[PDB]
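Structure file data_7.txt; described as compact mmCIF, N, CA and C atoms.
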```
# COMPACT_ATOMS: atom_id res chain seq x y z
N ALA A 1 -0.23 -6.87 16.52
CA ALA A 1 -0.94 -7.82 15.67
C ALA A 1 -0.16 -8.10 14.39
N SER A 2 -0.72 -8.94 13.53
CA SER A 2 -0.07 -9.30 12.27
C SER A 2 -0.10 -8.12 11.31
N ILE A 3 0.96 -7.99 10.51
CA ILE A 3 1.01 -6.93 9.52
C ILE A 3 -0.01 -7.19 8.42
N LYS A 4 -0.32 -8.47 8.19
CA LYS A 4 -1.33 -8.85 7.22
C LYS A 4 -2.69 -8.30 7.64
N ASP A 5 -3.01 -8.46 8.92
CA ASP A 5 -4.27 -7.97 9.46
C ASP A 5 -4.32 -6.45 9.43
N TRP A 6 -3.15 -5.82 9.58
CA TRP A 6 -3.06 -4.37 9.59
C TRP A 6 -3.40 -3.77 8.23
N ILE A 7 -2.61 -4.12 7.21
CA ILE A 7 -2.81 -3.56 5.88
C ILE A 7 -4.23 -3.83 5.39
N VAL A 8 -4.73 -5.04 5.67
CA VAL A 8 -6.09 -5.41 5.27
C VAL A 8 -7.11 -4.45 5.86
N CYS A 9 -6.88 -4.03 7.10
CA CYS A 9 -7.78 -3.08 7.75
C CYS A 9 -7.74 -1.71 7.08
N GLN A 10 -6.55 -1.30 6.67
CA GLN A 10 -6.39 -0.01 6.00
C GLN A 10 -7.11 -0.04 4.65
N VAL A 11 -7.05 -1.19 3.98
CA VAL A 11 -7.75 -1.37 2.72
C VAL A 11 -9.26 -1.31 2.94
N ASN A 12 -9.72 -1.95 4.00
CA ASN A 12 -11.14 -2.03 4.31
C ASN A 12 -11.73 -0.71 4.81
N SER A 13 -10.88 0.17 5.33
CA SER A 13 -11.35 1.44 5.86
C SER A 13 -11.78 2.41 4.76
N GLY A 14 -11.17 2.28 3.58
CA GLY A 14 -11.50 3.12 2.45
C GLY A 14 -11.17 4.58 2.68
N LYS A 15 -10.22 4.85 3.57
CA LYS A 15 -9.82 6.21 3.87
C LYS A 15 -8.43 6.52 3.30
N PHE A 16 -7.93 5.62 2.46
CA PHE A 16 -6.68 5.85 1.76
C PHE A 16 -6.89 5.60 0.27
N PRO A 17 -6.95 6.67 -0.53
CA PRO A 17 -7.17 6.51 -1.98
C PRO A 17 -6.06 5.71 -2.65
N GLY A 18 -6.44 4.68 -3.40
CA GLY A 18 -5.47 3.82 -4.06
C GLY A 18 -5.17 2.57 -3.25
N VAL A 19 -5.42 2.65 -1.95
CA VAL A 19 -5.31 1.49 -1.07
C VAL A 19 -6.66 0.81 -1.05
N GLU A 20 -6.90 -0.05 -2.04
CA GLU A 20 -8.23 -0.55 -2.32
C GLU A 20 -8.21 -2.01 -2.77
N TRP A 21 -9.35 -2.68 -2.66
CA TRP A 21 -9.51 -4.02 -3.19
C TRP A 21 -9.57 -3.96 -4.71
N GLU A 22 -9.15 -5.04 -5.36
CA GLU A 22 -9.15 -5.08 -6.82
C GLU A 22 -10.24 -6.01 -7.35
N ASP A 23 -10.58 -7.03 -6.58
CA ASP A 23 -11.61 -7.99 -6.98
C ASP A 23 -12.78 -7.99 -5.99
N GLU A 24 -13.91 -8.51 -6.44
CA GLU A 24 -15.14 -8.49 -5.65
C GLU A 24 -15.05 -9.35 -4.39
N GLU A 25 -14.21 -10.38 -4.44
CA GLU A 25 -14.07 -11.29 -3.31
C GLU A 25 -13.07 -10.77 -2.28
N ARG A 26 -12.43 -9.65 -2.58
CA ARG A 26 -11.51 -9.00 -1.65
C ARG A 26 -10.39 -9.94 -1.22
N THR A 27 -9.63 -10.43 -2.19
CA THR A 27 -8.50 -11.32 -1.90
C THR A 27 -7.17 -10.68 -2.29
N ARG A 28 -7.21 -9.69 -3.17
CA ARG A 28 -6.00 -8.95 -3.53
C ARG A 28 -6.27 -7.45 -3.55
N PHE A 29 -5.29 -6.67 -3.09
CA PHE A 29 -5.45 -5.23 -2.95
C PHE A 29 -4.29 -4.48 -3.59
N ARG A 30 -4.48 -3.19 -3.83
CA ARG A 30 -3.46 -2.37 -4.44
C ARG A 30 -2.76 -1.49 -3.40
N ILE A 31 -1.52 -1.13 -3.69
CA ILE A 31 -0.76 -0.22 -2.84
C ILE A 31 -0.09 0.83 -3.71
N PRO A 32 -0.49 2.10 -3.56
CA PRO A 32 0.12 3.18 -4.35
C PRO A 32 1.60 3.36 -4.03
N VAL A 33 2.44 3.43 -5.06
CA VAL A 33 3.88 3.57 -4.88
C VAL A 33 4.48 4.57 -5.86
N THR A 34 3.68 5.55 -6.28
CA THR A 34 4.15 6.57 -7.20
C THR A 34 5.35 7.29 -6.59
N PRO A 35 6.46 7.38 -7.34
CA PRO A 35 7.66 8.07 -6.85
C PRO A 35 7.40 9.54 -6.56
N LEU A 36 8.16 10.11 -5.63
CA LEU A 36 8.01 11.52 -5.26
C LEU A 36 8.12 12.45 -6.47
N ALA A 37 9.16 12.25 -7.27
CA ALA A 37 9.44 13.13 -8.40
C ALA A 37 8.44 12.97 -9.54
N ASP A 38 7.65 11.91 -9.49
CA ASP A 38 6.66 11.65 -10.53
C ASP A 38 5.61 12.76 -10.55
N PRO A 39 5.35 13.34 -11.74
CA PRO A 39 4.39 14.44 -11.87
C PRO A 39 3.03 14.14 -11.24
N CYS A 40 2.64 12.87 -11.22
CA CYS A 40 1.32 12.48 -10.74
C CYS A 40 1.32 12.12 -9.25
N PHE A 41 2.46 12.29 -8.59
CA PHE A 41 2.55 11.99 -7.16
C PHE A 41 1.47 12.73 -6.39
N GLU A 42 0.89 12.05 -5.41
CA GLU A 42 -0.21 12.60 -4.62
C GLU A 42 -0.09 12.08 -3.19
N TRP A 43 0.31 12.95 -2.27
CA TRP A 43 0.68 12.52 -0.93
C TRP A 43 -0.38 11.65 -0.25
N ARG A 44 -1.61 12.15 -0.18
CA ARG A 44 -2.69 11.44 0.50
C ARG A 44 -2.88 10.03 -0.06
N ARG A 45 -2.29 9.79 -1.23
CA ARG A 45 -2.42 8.51 -1.91
C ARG A 45 -1.13 7.68 -1.81
N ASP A 46 0.00 8.32 -2.08
CA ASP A 46 1.27 7.61 -2.21
C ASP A 46 2.20 7.77 -1.01
N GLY A 47 1.77 8.53 -0.01
CA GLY A 47 2.62 8.83 1.13
C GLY A 47 1.98 8.60 2.49
N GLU A 48 0.73 9.03 2.64
CA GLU A 48 0.06 9.02 3.93
C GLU A 48 0.03 7.64 4.58
N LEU A 49 -0.28 6.60 3.80
CA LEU A 49 -0.34 5.25 4.34
C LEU A 49 0.99 4.85 4.96
N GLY A 50 2.08 5.15 4.27
CA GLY A 50 3.41 4.85 4.75
C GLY A 50 3.71 5.48 6.10
N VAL A 51 3.22 6.70 6.30
CA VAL A 51 3.44 7.41 7.56
C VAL A 51 2.55 6.85 8.66
N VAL A 52 1.32 6.48 8.32
CA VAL A 52 0.42 5.87 9.29
C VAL A 52 1.02 4.57 9.79
N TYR A 53 1.66 3.83 8.88
CA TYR A 53 2.33 2.59 9.23
C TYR A 53 3.34 2.81 10.35
N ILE A 54 4.03 3.95 10.31
CA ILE A 54 5.04 4.26 11.31
C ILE A 54 4.42 4.56 12.66
N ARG A 55 3.37 5.37 12.66
CA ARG A 55 2.69 5.74 13.90
C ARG A 55 2.16 4.52 14.64
N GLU A 56 1.71 3.52 13.89
CA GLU A 56 0.98 2.40 14.48
C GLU A 56 1.83 1.15 14.69
N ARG A 57 2.91 1.02 13.91
CA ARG A 57 3.75 -0.18 13.98
C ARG A 57 5.13 0.14 14.55
N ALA A 58 12.04 10.31 11.95
CA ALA A 58 12.72 10.69 10.72
C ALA A 58 12.16 9.91 9.53
N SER A 59 11.12 9.13 9.79
CA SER A 59 10.45 8.38 8.74
C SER A 59 9.43 9.28 8.03
N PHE A 60 9.39 10.55 8.44
CA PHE A 60 8.49 11.53 7.84
C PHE A 60 9.14 12.20 6.63
N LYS A 61 10.43 11.93 6.43
CA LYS A 61 11.13 12.42 5.25
C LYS A 61 10.71 11.60 4.04
N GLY A 62 10.48 12.29 2.93
CA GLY A 62 10.10 11.66 1.68
C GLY A 62 9.07 10.57 1.86
N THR A 63 9.33 9.42 1.24
CA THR A 63 8.43 8.28 1.33
C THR A 63 9.12 7.11 2.02
N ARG A 64 9.85 7.41 3.09
CA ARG A 64 10.57 6.38 3.83
C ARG A 64 9.59 5.51 4.61
N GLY A 65 8.53 6.14 5.11
CA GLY A 65 7.49 5.41 5.82
C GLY A 65 6.92 4.31 4.94
N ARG A 66 6.67 4.64 3.68
CA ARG A 66 6.15 3.68 2.72
C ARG A 66 7.21 2.64 2.39
N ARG A 67 8.43 3.11 2.15
CA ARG A 67 9.54 2.25 1.79
C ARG A 67 9.72 1.14 2.82
N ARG A 68 9.48 1.46 4.09
CA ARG A 68 9.57 0.48 5.16
C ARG A 68 8.35 -0.43 5.19
N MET A 69 7.17 0.17 5.03
CA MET A 69 5.92 -0.58 5.04
C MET A 69 5.97 -1.70 4.00
N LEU A 70 6.40 -1.36 2.79
CA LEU A 70 6.49 -2.34 1.71
C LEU A 70 7.39 -3.50 2.11
N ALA A 71 8.58 -3.17 2.63
CA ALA A 71 9.53 -4.18 3.05
C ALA A 71 8.84 -5.22 3.93
N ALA A 72 8.10 -4.74 4.92
CA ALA A 72 7.42 -5.62 5.86
C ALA A 72 6.33 -6.44 5.17
N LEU A 73 5.65 -5.82 4.21
CA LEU A 73 4.59 -6.50 3.46
C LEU A 73 5.16 -7.57 2.53
N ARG A 74 6.37 -7.33 2.03
CA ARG A 74 7.04 -8.27 1.14
C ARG A 74 7.74 -9.37 1.93
N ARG A 75 7.59 -9.33 3.25
CA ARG A 75 8.28 -10.27 4.13
C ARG A 75 7.32 -11.30 4.71
N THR A 76 6.07 -10.90 4.93
CA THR A 76 5.10 -11.79 5.56
C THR A 76 4.56 -12.82 4.56
N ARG A 77 4.47 -14.07 5.00
CA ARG A 77 4.02 -15.16 4.15
C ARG A 77 2.53 -15.05 3.84
N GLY A 78 1.80 -14.31 4.67
CA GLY A 78 0.37 -14.16 4.51
C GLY A 78 -0.01 -13.44 3.23
N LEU A 79 0.93 -12.68 2.68
CA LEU A 79 0.70 -11.92 1.46
C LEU A 79 1.61 -12.40 0.34
N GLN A 80 1.26 -12.06 -0.90
CA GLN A 80 2.09 -12.40 -2.05
C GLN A 80 2.00 -11.33 -3.12
N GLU A 81 3.10 -10.62 -3.35
CA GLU A 81 3.17 -9.64 -4.42
C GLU A 81 2.93 -10.36 -5.74
N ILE A 82 1.81 -10.05 -6.39
CA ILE A 82 1.39 -10.77 -7.59
C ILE A 82 1.57 -9.93 -8.86
N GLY A 83 1.75 -8.62 -8.70
CA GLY A 83 1.96 -7.75 -9.85
C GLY A 83 2.01 -6.27 -9.52
N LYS A 84 1.90 -5.45 -10.56
CA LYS A 84 1.89 -4.00 -10.42
C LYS A 84 1.30 -3.37 -11.68
N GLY A 85 1.35 -2.05 -11.77
CA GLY A 85 0.85 -1.36 -12.94
C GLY A 85 0.67 0.13 -12.77
N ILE A 86 0.61 0.84 -13.89
CA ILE A 86 0.34 2.27 -13.90
C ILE A 86 -1.04 2.53 -14.49
N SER A 87 -1.96 3.02 -13.67
CA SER A 87 -3.32 3.27 -14.11
C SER A 87 -3.35 4.33 -15.21
N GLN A 88 -4.52 4.49 -15.82
CA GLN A 88 -4.69 5.44 -16.92
C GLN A 88 -4.38 6.88 -16.50
N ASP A 89 -4.36 7.13 -15.20
CA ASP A 89 -4.11 8.48 -14.68
C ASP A 89 -2.63 8.70 -14.38
N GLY A 90 -1.87 7.62 -14.30
CA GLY A 90 -0.44 7.71 -14.04
C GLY A 90 -0.05 7.24 -12.65
N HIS A 91 -1.03 6.80 -11.86
CA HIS A 91 -0.77 6.32 -10.51
C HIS A 91 -0.06 4.96 -10.52
N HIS A 92 1.13 4.92 -9.93
CA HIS A 92 1.87 3.67 -9.77
C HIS A 92 1.31 2.91 -8.58
N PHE A 93 1.15 1.59 -8.73
CA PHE A 93 0.66 0.77 -7.63
C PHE A 93 1.22 -0.65 -7.70
N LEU A 94 1.18 -1.34 -6.57
CA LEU A 94 1.56 -2.75 -6.51
C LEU A 94 0.31 -3.57 -6.20
N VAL A 95 0.38 -4.87 -6.44
CA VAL A 95 -0.76 -5.75 -6.18
C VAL A 95 -0.33 -6.93 -5.31
N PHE A 96 -0.93 -7.03 -4.13
CA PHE A 96 -0.64 -8.12 -3.21
C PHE A 96 -1.88 -8.98 -3.01
N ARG A 97 -1.70 -10.30 -3.04
CA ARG A 97 -2.80 -11.22 -2.78
C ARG A 97 -2.75 -11.73 -1.35
N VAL A 98 -3.92 -11.97 -0.77
CA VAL A 98 -4.02 -12.55 0.56
C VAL A 98 -4.24 -14.05 0.43
N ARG A 99 -3.54 -14.83 1.25
CA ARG A 99 -3.67 -16.28 1.21
C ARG A 99 -4.71 -16.77 2.21
```
Final structure tokens representation of the file:
Amino acid sequence: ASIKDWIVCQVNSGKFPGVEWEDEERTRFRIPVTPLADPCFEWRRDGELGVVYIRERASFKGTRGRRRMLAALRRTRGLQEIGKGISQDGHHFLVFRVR
């Protein structure tokens, strides 16, 4: 299926912390990208999604699973990287809008 439909489903499942909708109309979502060495790194948040992407679509080393997932997300026209930010807790994330 489409990678757009995939990530959207992961956001809608609510089983990945940080992988969440940002607005009430559910048109843009966040993707945790906190670096490994970052003190606030949290696997279930900044790593697990990347690995799930591999199972479904040696990628278990570091955050390579995520590194690949992002590439694919930044490639599909259905999505648009609109921004990023570090939350008050220190969690790094990206923001993608759905067209």
- Query: segment 23-32 of chain A: which residues within 9 Å, counting only C-alpha atoms, same-chain residues fewer than 5 positions away excluded, as a ChimeraX atom specification?
  - Reply: /A:8,11,17-18,45-47,49,70,79-80,82,84,91-99
- Task: Write out as number ranges by chain which residues come within 12 Å of residue 59 of chain A when counting only C-alpha atoms, dropping same-chain ones fewer than 5 positions away.
- Result: A: 47-48, 50-54, 64-69
Output N, CA and C atoms for every residue in the selection just made, as a PDB file, keeping the file's coordinate frame.
```
ATOM      1  N   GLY A  47       1.770   8.530  -0.010  1.00  0.00           N
ATOM      2  CA  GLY A  47       2.620   8.830   1.130  1.00  0.00           C
ATOM      3  C   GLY A  47       1.980   8.600   2.490  1.00  0.00           C
ATOM      4  N   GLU A  48       0.730   9.030   2.640  1.00  0.00           N
ATOM      5  CA  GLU A  48       0.060   9.020   3.930  1.00  0.00           C
ATOM      6  C   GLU A  48       0.030   7.640   4.580  1.00  0.00           C
ATOM      7  N   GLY A  50       2.080   5.150   4.270  1.00  0.00           N
ATOM      8  CA  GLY A  50       3.410   4.850   4.750  1.00  0.00           C
ATOM      9  C   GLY A  50       3.710   5.480   6.100  1.00  0.00           C
ATOM     10  N   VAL A  51       3.220   6.700   6.300  1.00  0.00           N
ATOM     11  CA  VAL A  51       3.440   7.410   7.560  1.00  0.00           C
ATOM     12  C   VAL A  51       2.550   6.850   8.660  1.00  0.00           C
ATOM     13  N   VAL A  52       1.320   6.480   8.320  1.00  0.00           N
ATOM     14  CA  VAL A  52       0.420   5.870   9.290  1.00  0.00           C
ATOM     15  C   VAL A  52       1.020   4.570   9.790  1.00  0.00           C
ATOM     16  N   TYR A  53       1.660   3.830   8.880  1.00  0.00           N
ATOM     17  CA  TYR A  53       2.330   2.590   9.230  1.00  0.00           C
ATOM     18  C   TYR A  53       3.340   2.810  10.350  1.00  0.00           C
ATOM     19  N   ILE A  54       4.030   3.950  10.310  1.00  0.00           N
ATOM     20  CA  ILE A  54       5.040   4.260  11.310  1.00  0.00           C
ATOM     21  C   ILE A  54       4.420   4.560  12.660  1.00  0.00           C
ATOM     22  N   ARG A  64       9.850   7.410   3.090  1.00  0.00           N
ATOM     23  CA  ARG A  64      10.570   6.380   3.830  1.00  0.00           C
ATOM     24  C   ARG A  64       9.590   5.510   4.610  1.00  0.00           C
ATOM     25  N   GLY A  65       8.530   6.140   5.110  1.00  0.00           N
ATOM     26  CA  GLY A  65       7.490   5.410   5.820  1.00  0.00           C
ATOM     27  C   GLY A  65       6.920   4.310   4.940  1.00  0.00           C
ATOM     28  N   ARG A  66       6.670   4.640   3.680  1.00  0.00           N
ATOM     29  CA  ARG A  66       6.150   3.680   2.720  1.00  0.00           C
ATOM     30  C   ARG A  66       7.210   2.640   2.390  1.00  0.00           C
ATOM     31  N   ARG A  67       8.430   3.110   2.150  1.00  0.00           N
ATOM     32  CA  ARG A  67       9.540   2.250   1.790  1.00  0.00           C
ATOM     33  C   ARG A  67       9.720   1.140   2.820  1.00  0.00           C
ATOM     34  N   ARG A  68       9.480   1.460   4.090  1.00  0.00           N
ATOM     35  CA  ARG A  68       9.570   0.480   5.160  1.00  0.00           C
ATOM     36  C   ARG A  68       8.350  -0.430   5.190  1.00  0.00           C
ATOM     37  N   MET A  69       7.170   0.170   5.030  1.00  0.00           N
ATOM     38  CA  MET A  69       5.920  -0.580   5.040  1.00  0.00           C
ATOM     39  C   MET A  69       5.970  -1.700   4.000  1.00  0.00           C
TER      40      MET A  69
END
```
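Interatomic distance, atom C of residue 57 of chain A against atom CA of residue 6 of chain A: 10.6 Å.
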As JSON, what would the box around segment 60-78 of chain A look like: edges along x, y and z, 6 Å added on every side, centre and edge lengths in Å to one decimal?
```
{"center_x": 5.6, "center_y": -1.4, "center_z": 4.8, "size_x": 23.1, "size_y": 39.6, "size_z": 19.3}
```
- Message: Can you pull out every residue from chain A that DSSP, working from the backbone, puts in strand (DSSP E), and format the result as a PyMOL selection string?
- Response: chain A and resi 28-32+79-86+92-98
Write a file of the just-selected residues containing N, CA and C atoms, as an mmCIF file, keeping the file's coordinate frame.
```cif
data_model
loop_
_atom_site.group_PDB
_atom_site.id
_atom_site.type_symbol
_atom_site.label_atom_id
_atom_site.label_comp_id
_atom_site.auth_asym_id
_atom_site.auth_seq_id
_atom_site.Cartn_x
_atom_site.Cartn_y
_atom_site.Cartn_z
ATOM 1 N N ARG A 28 -7.210 -9.690 -3.170
ATOM 2 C CA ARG A 28 -6.000 -8.950 -3.530
ATOM 3 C C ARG A 28 -6.270 -7.450 -3.550
ATOM 4 N N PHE A 29 -5.290 -6.670 -3.090
ATOM 5 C CA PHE A 29 -5.450 -5.230 -2.950
ATOM 6 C C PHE A 29 -4.290 -4.480 -3.590
ATOM 7 N N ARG A 30 -4.480 -3.190 -3.830
ATOM 8 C CA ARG A 30 -3.460 -2.370 -4.440
ATOM 9 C C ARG A 30 -2.760 -1.490 -3.400
ATOM 10 N N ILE A 31 -1.520 -1.130 -3.690
ATOM 11 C CA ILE A 31 -0.760 -0.220 -2.840
ATOM 12 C C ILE A 31 -0.090 0.830 -3.710
ATOM 13 N N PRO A 32 -0.490 2.100 -3.560
ATOM 14 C CA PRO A 32 0.120 3.180 -4.350
ATOM 15 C C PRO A 32 1.600 3.360 -4.030
ATOM 16 N N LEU A 79 0.930 -12.680 2.680
ATOM 17 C CA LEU A 79 0.700 -11.920 1.460
ATOM 18 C C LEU A 79 1.610 -12.400 0.340
ATOM 19 N N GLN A 80 1.260 -12.060 -0.900
ATOM 20 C CA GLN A 80 2.090 -12.400 -2.050
ATOM 21 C C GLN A 80 2.000 -11.330 -3.120
ATOM 22 N N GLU A 81 3.100 -10.620 -3.350
ATOM 23 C CA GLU A 81 3.170 -9.640 -4.420
ATOM 24 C C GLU A 81 2.930 -10.360 -5.740
ATOM 25 N N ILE A 82 1.810 -10.050 -6.390
ATOM 26 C CA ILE A 82 1.390 -10.770 -7.590
ATOM 27 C C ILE A 82 1.570 -9.930 -8.860
ATOM 28 N N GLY A 83 1.750 -8.620 -8.700
ATOM 29 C CA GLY A 83 1.960 -7.750 -9.850
ATOM 30 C C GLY A 83 2.010 -6.270 -9.520
ATOM 31 N N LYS A 84 1.900 -5.450 -10.560
ATOM 32 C CA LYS A 84 1.890 -4.000 -10.420
ATOM 33 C C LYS A 84 1.300 -3.370 -11.680
ATOM 34 N N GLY A 85 1.350 -2.050 -11.770
ATOM 35 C CA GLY A 85 0.850 -1.360 -12.940
ATOM 36 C C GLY A 85 0.670 0.130 -12.770
ATOM 37 N N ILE A 86 0.610 0.840 -13.890
ATOM 38 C CA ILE A 86 0.340 2.270 -13.900
ATOM 39 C C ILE A 86 -1.040 2.530 -14.490
ATOM 40 N N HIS A 92 1.130 4.920 -9.930
ATOM 41 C CA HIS A 92 1.870 3.670 -9.770
ATOM 42 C C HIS A 92 1.310 2.910 -8.580
ATOM 43 N N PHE A 93 1.150 1.590 -8.730
ATOM 44 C CA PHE A 93 0.660 0.770 -7.630
ATOM 45 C C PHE A 93 1.220 -0.650 -7.700
ATOM 46 N N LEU A 94 1.180 -1.340 -6.570
ATOM 47 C CA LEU A 94 1.560 -2.750 -6.510
ATOM 48 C C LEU A 94 0.310 -3.570 -6.200
ATOM 49 N N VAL A 95 0.380 -4.870 -6.440
ATOM 50 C CA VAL A 95 -0.760 -5.750 -6.180
ATOM 51 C C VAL A 95 -0.330 -6.930 -5.310
ATOM 52 N N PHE A 96 -0.930 -7.030 -4.130
ATOM 53 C CA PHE A 96 -0.640 -8.120 -3.210
ATOM 54 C C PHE A 96 -1.880 -8.980 -3.010
ATOM 55 N N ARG A 97 -1.700 -10.300 -3.040
ATOM 56 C CA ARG A 97 -2.800 -11.220 -2.780
ATOM 57 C C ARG A 97 -2.750 -11.730 -1.350
ATOM 58 N N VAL A 98 -3.920 -11.970 -0.770
ATOM 59 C CA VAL A 98 -4.020 -12.550 0.560
ATOM 60 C C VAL A 98 -4.240 -14.050 0.430
#
```
- Query: Where does DSSP see helix (DSSP H, G or I) in chain A, if you list the residues as a ChimeraX atom specification?
  - Reply: /A:3-13,43-46,48-56,64-73
- What separation in Å, quoted to one decimal, exists between atom C of residue 89 of chain A and atom C of residue 38 of chain A? 10.0 Å
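What separates atom CA of residue 74 of chain A from atom CA of residue 3 of chain A is a distance of 10.4 Å.
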Would you mind writing segment 71-88 of chain A with N, CA, C and O atoms, as a CSV table (one decimal), in the coordinates of the input?
```csv
chain,number,residue,atom,x,y,z
A,71,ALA,N,8.6,-3.2,2.6
A,71,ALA,CA,9.5,-4.2,3.0
A,71,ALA,C,8.8,-5.2,3.9
A,71,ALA,O,9.0,-6.4,3.7
A,72,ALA,N,8.1,-4.7,4.9
A,72,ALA,CA,7.4,-5.6,5.9
A,72,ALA,C,6.3,-6.4,5.2
A,72,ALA,O,6.1,-7.6,5.5
A,73,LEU,N,5.6,-5.8,4.2
A,73,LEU,CA,4.6,-6.5,3.5
A,73,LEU,C,5.2,-7.6,2.5
A,73,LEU,O,4.5,-8.6,2.3
A,74,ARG,N,6.4,-7.3,2.0
A,74,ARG,CA,7.0,-8.3,1.1
A,74,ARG,C,7.7,-9.4,1.9
A,74,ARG,O,8.4,-10.2,1.4
A,75,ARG,N,7.6,-9.3,3.2
A,75,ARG,CA,8.3,-10.3,4.1
A,75,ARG,C,7.3,-11.3,4.7
A,75,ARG,O,7.7,-12.4,5.0
A,76,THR,N,6.1,-10.9,4.9
A,76,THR,CA,5.1,-11.8,5.6
A,76,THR,C,4.6,-12.8,4.6
A,76,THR,O,4.2,-12.5,3.4
A,77,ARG,N,4.5,-14.1,5.0
A,77,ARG,CA,4.0,-15.2,4.2
A,77,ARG,C,2.5,-15.0,3.8
A,77,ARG,O,2.0,-15.6,2.9
A,78,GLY,N,1.8,-14.3,4.7
A,78,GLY,CA,0.4,-14.2,4.5
A,78,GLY,C,0.0,-13.4,3.2
A,78,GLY,O,-1.1,-13.6,2.7
A,79,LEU,N,0.9,-12.7,2.7
A,79,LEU,CA,0.7,-11.9,1.5
A,79,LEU,C,1.6,-12.4,0.3
A,79,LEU,O,2.6,-13.1,0.6
A,80,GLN,N,1.3,-12.1,-0.9
A,80,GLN,CA,2.1,-12.4,-2.0
A,80,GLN,C,2.0,-11.3,-3.1
A,80,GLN,O,1.0,-11.1,-3.7
A,81,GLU,N,3.1,-10.6,-3.4
A,81,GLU,CA,3.2,-9.6,-4.4
A,81,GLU,C,2.9,-10.4,-5.7
A,81,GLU,O,3.7,-11.2,-6.2
A,82,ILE,N,1.8,-10.0,-6.4
A,82,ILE,CA,1.4,-10.8,-7.6
A,82,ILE,C,1.6,-9.9,-8.9
A,82,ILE,O,1.6,-10.5,-10.0
A,83,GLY,N,1.8,-8.6,-8.7
A,83,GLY,CA,2.0,-7.8,-9.8
A,83,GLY,C,2.0,-6.3,-9.5
A,83,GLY,O,2.1,-5.9,-8.4
A,84,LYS,N,1.9,-5.4,-10.6
A,84,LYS,CA,1.9,-4.0,-10.4
A,84,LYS,C,1.3,-3.4,-11.7
A,84,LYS,O,0.8,-4.1,-12.6
A,85,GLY,N,1.4,-2.0,-11.8
A,85,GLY,CA,0.8,-1.4,-12.9
A,85,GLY,C,0.7,0.1,-12.8
A,85,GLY,O,0.6,0.6,-11.6
A,86,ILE,N,0.6,0.8,-13.9
A,86,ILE,CA,0.3,2.3,-13.9
A,86,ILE,C,-1.0,2.5,-14.5
A,86,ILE,O,-1.3,2.3,-15.7
A,87,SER,N,-2.0,3.0,-13.7
A,87,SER,CA,-3.3,3.3,-14.1
A,87,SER,C,-3.4,4.3,-15.2
A,87,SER,O,-2.3,5.0,-15.5
A,88,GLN,N,-4.5,4.5,-15.8
A,88,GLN,CA,-4.7,5.4,-16.9
A,88,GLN,C,-4.4,6.9,-16.5
A,88,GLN,O,-4.2,7.7,-17.4
```
